[PDB]
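>>> piece number one of the complex, untouched:
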Amino acid sequence: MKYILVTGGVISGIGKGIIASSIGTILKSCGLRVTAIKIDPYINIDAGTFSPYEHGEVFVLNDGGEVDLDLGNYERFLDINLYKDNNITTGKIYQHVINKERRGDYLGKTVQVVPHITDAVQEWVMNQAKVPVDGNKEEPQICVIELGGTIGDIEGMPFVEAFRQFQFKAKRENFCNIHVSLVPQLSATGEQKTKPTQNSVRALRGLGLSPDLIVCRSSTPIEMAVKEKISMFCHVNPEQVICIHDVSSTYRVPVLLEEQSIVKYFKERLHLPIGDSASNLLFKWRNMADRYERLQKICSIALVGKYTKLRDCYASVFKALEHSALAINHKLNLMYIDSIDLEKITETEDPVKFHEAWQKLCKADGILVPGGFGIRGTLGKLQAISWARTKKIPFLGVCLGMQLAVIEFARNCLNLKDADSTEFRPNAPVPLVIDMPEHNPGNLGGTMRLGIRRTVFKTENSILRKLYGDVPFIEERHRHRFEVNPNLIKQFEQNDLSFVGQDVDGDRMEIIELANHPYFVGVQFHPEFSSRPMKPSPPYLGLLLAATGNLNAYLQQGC
């Protein structure tokens, strides 16, 4: 099978996944079945126990994933839905190997990093490329492999040697190599240097891998004097240096590689079956490049998270939002509001950060309350829903807001201020939200609810049901532990806030809507992990429709 191994340049946050997916999604437009394998040097297995401020938010797979992210980017760009066993971490390999030397399966031979780890790496990447990953039941023909991390450090040492042996066991027509480096320029002056790319190549070539292409991502487009120096010093012909500058939206990244002629390259390098057309599909990639230049009324949410500045804790939501903004031809203005900045305590001690949050939340044409944990933010977010409740600005609750909207509603309408979730204080006189993890055969003890779960819409008066297409059940994914008590439904069996969804059996509800409001939805499932640039997320699409008021206008068409 043809394999493409991208790597890393000087710094980690270049845009590794934006290149590996782009050369993947060009080849998906070529008519090739694609997989993706992300090699990760971080020891930690099963990323789900991260605080999301170090790396980013989780992604969630079908079979129970808690996989990093970058993995999410591949899923969103390629139409692929994945499995959890191609997030191949260093802790995944060692737990696969330390659990074999107690079995004795290496026949008493002492196992060392070479070859008995690097044999287990080049068996892992053979099997995950072999399994189909898309709607067809058929093995693919390429496999874009992302060696994450940087290169030269101690973490990346068992892996580049694992692929050095792999160039020999594979054929040279079956292997490729991309190197995505940085040419940093100092705005302080004006020249543009090529030295960081030279030392990053001789750390790659010094470990026994040679770049086919070399991709120099920087701030500005680079001059032909720079393409000459990288061609002469890094010992590759000038047809393999591909510039990519900092573009405004990531949809320019696939069509910018079309101009630099990488499509016909892998015809000659990899010897893959291709004939040439318009080198991507003209209707669905060059179109939405022009949608992002020519824009309109800057509108359509404020966001209440619980973090400081856009570390990608919420980058997996912002790519889902501008999917919907791609549909309604609006520029989107994502503005973070810290839930600390809505507390009583900040106004007492600092009004510069507090009054700064309200200013944006009162002018907000839409709120969004995504998921979170812990006591931070929760007491601040309790006022944000009720502000949206009375003054009727639409919002969506995701995995925490659905908990918090049912808390505030009994406090306001039913005057039951004593009620709260059992997340925080177990001494609950009215335990309105109870813990109940899935007690399944094959799952011992308390196991977090995870994976694809069917949930059926009960009754017709849902604005969500018309958005998915009036199908009875939807198929979504979530990672949360807590539910409103089905006994505690008795408290709200008459109001305007009634529960809509039910799963296969019916022991939880997962979905709320409110009558006397434009658009009041709160869901337990994360509706971000199926959002694609072609069809947006159906809760998020209506949420921007409610912000522009065209939500009734979308259902005038129907039909």
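Perfect, I can see it now. Residues are numbered from 1 along each chain as shown, chains lettered A, B, ... in the order given.
>>> so how far is residue A:135 from residue A:75?
Separation of residue A:75 from residue A:135 (Cβ to Cβ, to the nearest Å): 14 Å. For the C-beta atoms, the positions are set from N, CA and C on the backbone; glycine is no exception.
>>> that's a helix at residue A:152, yeah?
No. Counting by DSSP: H, G, I helix; E, B strand; the rest coil, residue A:152 is not part of a helix but coil.
>>> quick check: closest non-adjacent residue to it.
Residue nearest to residue A:152 in three dimensions, not counting chain neighbours: residue A:203, with 4.4 Å by Cβ to Cβ, 6 or more residues apart in numbering.
>>> about what we covered before: which one's more surrounded, residue A:75 and residue A:135?
residue A:75 (23 against 9; other Cβ atoms under 10 Å).
>>> hang on, the more buried one packs against residue A:81?
Yes. Checked against Cβ atoms under 8 Å, the pair residue A:75 and residue A:81 is within contact range at 6.1 Å.
>>> can you map out the strands along the stretch 401-550 of chain A?
With strands called from DSSP state E, counting those that start in this stretch, the stretch 401-550 of chain A shows them at A:419-421, A:430-435, A:438-440, A:443-447, A:452-457, A:473-477, A:482-484, A:497-499, A:501-503, A:511-514, A:520-523.
>>> and the last one, how far from the chain's centre?
With Cα atoms, centre = their mean, to the nearest Å as the basis, the distance from the averaged C-alpha position of strand A:520-523 to the chain average is 21 Å.
>>> please apply the same query to the second one.
Taking Cα atoms, centre = their mean, one finds strand A:430-435 lying 31 Å from the centre of the chain it belongs to.
>>> picking that back up, okay, now the residue nearest to residue A:152: neighbour count?
By the criterion of other Cβ under 10 Å, residue A:203 has 16 neighbours.
>>> and what of residue A:94?
Count around residue A:94 with other Cβ under 10 Å applied: 15.
>>> could you do residue A:150 as well?
So residue A:150, with other Cβ under 10 Å, has 20 neighbours.
>>> and for residue A:152?
For residue A:152, the neighbour count with other Cβ under 10 Å is 18.
>>> chain A - how does it break down into domains?
Split into domains by curated CATH domains, chain A comes to A:1-294, A:295-559.
>>> extra chain here, label it chain B:
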Amino acid sequence: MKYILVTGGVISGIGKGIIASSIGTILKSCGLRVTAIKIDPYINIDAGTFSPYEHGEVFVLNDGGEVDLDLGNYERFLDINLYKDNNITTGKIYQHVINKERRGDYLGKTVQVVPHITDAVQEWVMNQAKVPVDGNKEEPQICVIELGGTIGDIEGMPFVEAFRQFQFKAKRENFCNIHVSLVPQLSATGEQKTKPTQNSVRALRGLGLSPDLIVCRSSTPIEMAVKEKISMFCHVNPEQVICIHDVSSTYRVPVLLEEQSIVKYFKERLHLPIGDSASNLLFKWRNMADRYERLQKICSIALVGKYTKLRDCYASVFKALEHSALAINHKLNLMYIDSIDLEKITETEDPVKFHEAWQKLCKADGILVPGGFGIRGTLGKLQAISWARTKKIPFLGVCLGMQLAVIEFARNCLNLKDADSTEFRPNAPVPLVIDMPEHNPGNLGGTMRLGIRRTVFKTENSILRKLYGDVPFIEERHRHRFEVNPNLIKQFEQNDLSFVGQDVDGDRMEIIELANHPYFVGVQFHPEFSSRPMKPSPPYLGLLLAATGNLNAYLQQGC
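With chain B added, the chains above now look like this:
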């Protein structure tokens, strides 16, 4: 002797010399005698045969230097004038060693890179620190050593091993180590990475040198989360991480190190004699920081060079100009004008680049024609002086303009269009500018005129004589081969353009002034290499005085 060895971070053009001079010129304000030794890994000996577009302009020393530059920066910041034997290049060492193994002075032993080169390096740096360099006849006490180049490449291999052996032969109280790295951030996003600094340390520590300080120069000032990661990963305490952002003028660079408390550091590290005052001299460094923020009428030259965009071919002039702009409280607006863009040929084929040059030269309140060679630019620059001649905008000719102004004047006034310099065409019917290199005892053949040369002012009616202080002779330096024929003076023994200067004997003139003009000077010597931020260059100071019209107002004071 206490030695400070700065190095290099990721890319070459960080600001190595701006840090090594700054920690030098803090210690000069401490009351310590300073030298400077710049280690250069480039094989080429005696930089003077450079095209000035690869590296920059030359510097010229007293004894006959053709030394790079960075060396010039030390000279200008420290009051030091240097010798040519501390520009210690790789070609200087090998020519010092290959000329010893024919002598047999290694006693028949085969010489290899270690130790017999690295012995010759640590004897070179011992001797150049030992020689006095300033007005006192006394050995200094520190020696700021600049290991130029970057680190990790093949050129820098004989030198870091040369200083690894040097930490043992010296005492730990006598040695220091600075590392000036880059933390590149991508404006494309917003985070700030620390990885390039980590790999640059483990290439330095992997060659056997440990940083005392670590200096992270970048675009923006960096947050305490970045100072924590560099302290924890690069294994130095957080008192040795010093931030320096891209500041507007280089005079902030000494006073910004004062805020980060590096003055008291070397009291504890190097054990040098110091008591504390205001940590620099309050009148002459923090004052001119405020001169550059608060500014005035944006005026005071256009420049006609012969190059494209400000590669530092003329950075050794621009630092001399804003010395004078530091004196007259004016912002300076250096605008390059290519001499190609004044030719007849560009207007025929492209008026976008041609008309763009004139636009700036007609609004120019002052022209400047610095030195150059070859047929490029010369035919273009012939119109620039005559444009300044008739319409009377002041300019200065430096080492080529003095040739070109005497050419145009016989063509215009004396109608001798046949005359030209013997630089370009030897078939000269009127050879107005003749070749005559110095034929000296000890100098065989044609040797370029070079070094400090006395030149005496003949007569009183010079506007230059009042600027230097009415001394009879001035002491300047130049590197040029050509002179107007002393026989050809007969052509101009009556006009308004008469020759002013004479050297010790009188076989050349070196200096012109024109009567019916505000300020018309052309000099063979380079008046850039003595310009300091305290007293500017005396031709360049009057040139900005003529631009603002206060040139008469400067001599109203006198006295």
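>>> revisit the neighbour count of residue A:150 given that chain B is now included?
By the criterion of other Cβ atoms under 10 Å in any protein chain shown, residue A:150 has 25 neighbours.
>>> so what's the nearest residue to it once chain neighbours are set aside up against?
Sequence neighbours aside, residue A:8 is the residue nearest to residue A:150 in space, at 4.6 Å (criterion: Cβ to Cβ, 6 or more residues apart in numbering or on different chains). Contact analysis of residue A:8 by Cβ atoms under 8 Å, 6 or more residues apart in numbering or on different chains lists A:14, A:16, A:147-151, A:180.
>>> repeat for residue A:115
With Cβ under 8 Å, 6+ apart, residue A:115 has these contacts: residue A:165.
>>> and if we set it to 10 Å?
Counting by Cβ atoms under 10 Å, 6 or more residues apart in numbering or on different chains, residue A:115 makes contact with A:121-122, A:161-162, A:165.
>>> residue A:551 now?
By Cβ under 10 Å, 6+ apart, residue A:551 lies in contact with A:394, A:463, A:467, A:518-519, A:541-545.
>>> let's see that with 7 Å instead.
A:519, A:542, A:545 (Cβ atoms under 7 Å, 6 or more residues apart in numbering or on different chains).
>>> now residue A:194: how far from residue A:149?
Distance check for residue A:194 against residue A:149: by Cβ to Cβ, it reads 23 Å.
>>> ok now stretch A:141-156, how far from the chain's centre?
Worked out by Cα atoms, centre = their mean, stretch A:141-156 lies 19 Å from the chain centre.
>>> swap in stretch A:467-477?
Worked out by Cα atoms, centre = their mean, stretch A:467-477 lies 21 Å from the chain centre.
>>> so what touches that stretch?
Against stretch A:467-477 from outside (Cβ under 7 Å, 6+ apart): A:60, A:62, A:451-457, A:525-527, A:529, A:538, A:541-542.
>>> buried ones in that stretch?
Applying a neighbour-count criterion of 16 or more other Cβ atoms under 10 Å in any protein chain shown, one finds A:467, A:474, A:476-477 buried in stretch A:467-477.
>>> then stretch A:232-242 to CSV, C-alphas only?
This file holds the C-alpha atoms of stretch A:232-242, laid out as CSV (Å, rounded to 0.1, in the frame of the first residue of the first chain):
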residue,chain,number,x,y,z
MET,A,232,20.6,23.9,-3.1
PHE,A,233,21.2,23.4,0.6
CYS,A,234,18.5,20.8,1.4
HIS,A,235,19.5,18.8,-1.7
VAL,A,236,16.2,18.5,-3.5
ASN,A,237,15.1,19.8,-6.8
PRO,A,238,13.2,23.1,-7.0
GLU,A,239,10.0,21.4,-8.1
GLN,A,240,9.6,19.9,-4.6
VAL,A,241,9.7,23.2,-2.6
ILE,A,242,6.1,24.2,-2.0
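>>> chain C goes on too:
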Amino acid sequence: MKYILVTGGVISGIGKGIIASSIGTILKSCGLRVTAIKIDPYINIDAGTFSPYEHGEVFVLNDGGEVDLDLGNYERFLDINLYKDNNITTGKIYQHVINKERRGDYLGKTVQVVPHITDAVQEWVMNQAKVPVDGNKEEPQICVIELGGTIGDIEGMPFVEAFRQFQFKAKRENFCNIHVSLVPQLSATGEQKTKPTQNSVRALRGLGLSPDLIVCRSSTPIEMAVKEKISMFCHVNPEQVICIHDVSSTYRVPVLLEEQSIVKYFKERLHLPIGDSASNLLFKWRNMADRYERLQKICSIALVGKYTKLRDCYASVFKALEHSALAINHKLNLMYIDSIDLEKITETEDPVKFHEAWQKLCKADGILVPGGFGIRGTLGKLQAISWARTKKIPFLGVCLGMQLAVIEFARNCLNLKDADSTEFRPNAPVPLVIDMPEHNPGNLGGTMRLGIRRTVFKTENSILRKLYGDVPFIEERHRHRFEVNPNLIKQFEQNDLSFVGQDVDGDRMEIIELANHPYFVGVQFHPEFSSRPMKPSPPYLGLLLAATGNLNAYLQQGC
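With chain C added, the chains above now look like this:
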């Protein structure tokens, strides 16, 4: 042209030249024209100023060589005589490059180690392979390139990068790579390790060269478990691991590579024109393997040198001696005798080292006095010739003995004890040996006599003339400064010791013979540098013939 680049393993003294010549001299038996280029990382140019105890004796070429040695080994094994410009040292390159940047031939561009040195290396190796080197006037087809030194150190850094760029500029069919490593075993125990070969490969592959073959030279022949580990860890198939153990004579080294089938390898790798016969010439390499096992009367010299233990100061003579011992079917017993151990002074202070020298010199069936310099040994060697003079044991004087034999003869027969050479004391009342270097046009001052020089035999009664084949002139090479005065011949115009040779003009004599003696020869030329395993050196061949007494028996055949 097909190029083979051998390298180095862990330690320097493996046997680099014994492998590179052997794969050369197999291909010479294949019917291919061969050159040789030895890359040397030692800075010193023109090895001739060595003390011969660091590296070894010199070799002397035709055009004036003072080249190391290993070069001598190629000459002796291949029938090739060389030029001095393929001893390409590091000091040869830099003196070729520092003498070009004063010319300006790099067009003002700053030259660095990459590429402008490595361009000059891959132009040097192109030209020396291009020039013919053998009796034909035709370019060869292979070029065995010896990258001397080891690999990984600082000296070998400009060269392995110089050949990494060379694999791309050449074609993969035109390039090869040998790696000659050590597998050290400890007699202390018994196992045999493969670790030093693994780390030596990943320092070679880490610099961008891959071994075609891998040659493991050690003490014992190695087991198939060792060939499996080197095949699996060093990532080459088990057909390219070639064992070679410590063999008794170096003539087994070509025929041992025949058994391991490297002849058919380069047919497949290099794509060179070959058909197969007996894979070497059966009459002249496998024959003299059996000559060295089956041997005879252990006889046939003691040697008086001036050194301690057989550092190869005299290895260029011992290979010439066992050429003659290959002809007379005798085992040779080379025993060193220090000339210190024949002095008066050692017997006074130590008789353990003194009496140990005489014991071997009185039982000596032949003496040999090779070349040397300085006051050490000279006063000791004066008794060794007179011991050979009276008691009539044959010897040969080489470049110093010819001086010393003419000194002792006037002291003994003519009773002129006052006479001595002008090498040591210039106050000579009878200056019997005078200095006269060649004063040639194109050679300024005192230049050492060097290169091929014709010398004609005057008269018939020479035992040397019958050995060369009664040709009038012979063609030999030497490096010496001193001659007997042609005026001082008047002292010996009647004795039994008369001068035999004369060059083209006749101002020196170069050759002595004595009548009343079996074999008394002393020559100024070095007769070691033409000795080949087929025909021995004609003075050295008769010297072993005089030791066995068959010297008359050789001339009974004639004819």
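>>> same question on the contacts of residue A:115, but now with chain C added
The contact partners of residue A:115, taken as Cβ under 7 Å, 6+ apart, are residue A:165.
>>> go again with 8 Å.
Counting by Cβ under 8 Å, 6+ apart, residue A:115 has contacts A:165, C:232.
>>> that one looks like it's in a helix, true?
Yes. Assignment of residue A:115 by three-state DSSP places it within a helix.
>>> any idea how far it lies from residue A:105?
Distance from residue A:115 to residue A:105, by Cβ to Cβ: 15 Å.
>>> ditto for residue A:381
Counting by Cβ to Cβ - residue A:381 and residue A:105 are separated by 51 Å.
>>> same question for residue A:211.
For residue A:211, the distance to residue A:105 - Cβ to Cβ - is 37 Å.
>>> comparing those two, which shows the higher neighbour count?
More neighbours surround residue A:211 than the other of residue A:211 and residue A:105, with 23 against 11 (other Cβ under 10 Å).
>>> now the more buried one, what's its secondary structure?
The local conformation at residue A:211, judged by three-state DSSP, is coil.
>>> can you check residue A:106 too?
Per three-state DSSP, the local secondary structure of residue A:106 is coil.
>>> next, count neighbours for it.
Neighbours of residue A:106 using other Cβ under 10 Å come to 13.
>>> tell me the contacts of it?
Per Cβ under 8 Å, 6+ apart, neighbours of residue A:106: A:100, A:116.
>>> just the CA trace of the longest helix seen in chain A, in CSV.
Ranked by residue count and defined by DSSP state H, the top helix of chain A is helix A:16-30. C-alpha atoms of helix A:16-30 as CSV (Å, rounded to 0.1, in the frame of the first residue of the first chain):
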residue,chain,number,x,y,z
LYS,A,16,1.0,19.3,10.4
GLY,A,17,-2.6,18.1,10.2
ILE,A,18,-3.6,20.8,7.8
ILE,A,19,-1.0,19.5,5.3
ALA,A,20,-1.5,15.8,5.9
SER,A,21,-5.2,16.1,5.5
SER,A,22,-4.8,18.4,2.5
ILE,A,23,-2.6,15.9,0.6
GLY,A,24,-5.1,13.3,1.8
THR,A,25,-8.2,15.2,0.6
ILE,A,26,-6.6,16.0,-2.7
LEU,A,27,-6.2,12.3,-3.2
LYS,A,28,-9.8,11.8,-2.0
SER,A,29,-10.8,14.1,-4.8
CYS,A,30,-8.5,12.0,-7.0
